[PDB]
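Got a structure for you, questions after.
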Amino acid sequence: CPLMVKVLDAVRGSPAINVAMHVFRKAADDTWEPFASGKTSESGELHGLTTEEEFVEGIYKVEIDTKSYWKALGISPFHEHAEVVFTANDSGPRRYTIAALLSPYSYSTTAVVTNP
Amino acid sequence: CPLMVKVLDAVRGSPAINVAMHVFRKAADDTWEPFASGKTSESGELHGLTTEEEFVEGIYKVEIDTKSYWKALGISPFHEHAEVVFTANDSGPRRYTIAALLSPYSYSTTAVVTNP
Amino acid sequence: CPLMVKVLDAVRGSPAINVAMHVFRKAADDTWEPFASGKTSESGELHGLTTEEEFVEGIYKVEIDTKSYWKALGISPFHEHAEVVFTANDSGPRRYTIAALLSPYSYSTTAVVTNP
Amino acid sequence: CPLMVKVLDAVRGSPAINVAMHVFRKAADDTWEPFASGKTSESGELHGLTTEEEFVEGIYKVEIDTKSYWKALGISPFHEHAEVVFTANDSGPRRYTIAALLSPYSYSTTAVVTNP
């Protein structure tokens, strides 16, 4: 699993379950091309987005539909979504965990980048 | 000042000075149109991006160039930028403060929304 | 004002108003002695806790009563309080802004330290 | 594992390894009694702090020695440590994950509280 996304809920203190997200890769003409997508599991994690051979260097965007998550809980949110945009670097061996911590009017995101 | 952005550096414990950002508004054809731009001051704040007359209802995107900020400090950060996307003014004019807290592999954003 | 504390509500997207906090200083016998206290204003800020003469070198603790804040809003939070413990002024007088961002099951704190 | 602590490094984008922490429980006379301790593993996690039979309702404090972590990396930190103080509640079945995200001048902590 070269890329995993984990989402947490800071209001209920729980994994954020059934959060939908799309992953895009920047194309030559500076447009965003769909790459992968899915929804978080009961653990708040989304695995199996890509494979090592497909996950080449490039600029990737993870668009997390936070608004739909809060709407389903009956809570008015600020953001339309959370976008995480990053360059994937193959100068070393690197697995990526993107974690997002969600509140209605705030979110934080961090990258845990580890070498196998 | 209906829209202000404040940027902080969590490594140095300081305002994030001279951070560029661009603000976009979603047009009727679902494209992002340029709306305003500027750089943070010595206090880490960017004021005067817009006016009450110009800041109509809509979906706005603030793209904060965090990558250039860290690179100039000698750090290779994870993110290309910090994006904040939100619907503004859809129940009337509000005042928005967007705050971003920056680390090389993490950022957080929050909104303070007040009614004049 | 060498010490200011700002508290924000990440659920409502607002300053956290009327939040009590106590400041302690570590005494020579390693006990915590009361140093100052107060409540945040309508802007979520607490100014005037101390003076430059009184704010000597030492280890300080700010204990922010986040639990009472959430309880009065009908929420049972995780934390009893948000504590910030730091050495102050040990290379000369600095100005400290402690900012706390609150959610029911999460908080973040950051410091902005400036040299007068 | 009724209680697990995970620590992440927002400067290097990695688990925070070999971070020492002590867990305390509030005693009848309002003093902090040692309860458990350990250091994070290569994954940034500390498991096996307590057992279900020993982890009774009460006020617990997790004191994470963040200062020693940053000092070992040659980075000047703001906080003496990060204290997470919370009430453990047995009104339902509850496993606790305390996660801390560390920067030199900022930290965030959240609780993921799940039912087995």
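A, B, C and D are the chain letters, set down in written order, and residue numbers restart from 1 in every chain.
Simple rule for what comes next: contacts are C-beta pairs under 8 Å (C-beta built on N, C-alpha and C of every residue); 3 or more make two chains touch, one makes a residue touch a chain.
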item: Listed pair (B-D, A-D or A-B) duplicating the B-C contact set, over half by residue number; value: A-D
item: Pair with more cross-chain C-beta pairs in contact, given C-D and A-C; value: C-D
item: Chain centre separation in whole Å, for chain C relative to chain A (CA means); value: 32
item: Whole-Å gap between the CA centroids of chain C and chain D; value: 20
item: Chain C residues counted as touching two or more neighbouring chains; value: 10, 13, 78, 101, 103, 105-106, 108, 110-113
item: Residues of chain A defined as touching chain B within the complex; value: 59, 78-81, 83-87, 101, 103, 105-113
item: Residues of chain C defined as touching chain A within the complex; value: 9-13, 78, 101, 103-106, 108
item: Touch list for chain C against partner chain B, complex; value: 8, 10, 13-15, 99, 101, 108, 110-114
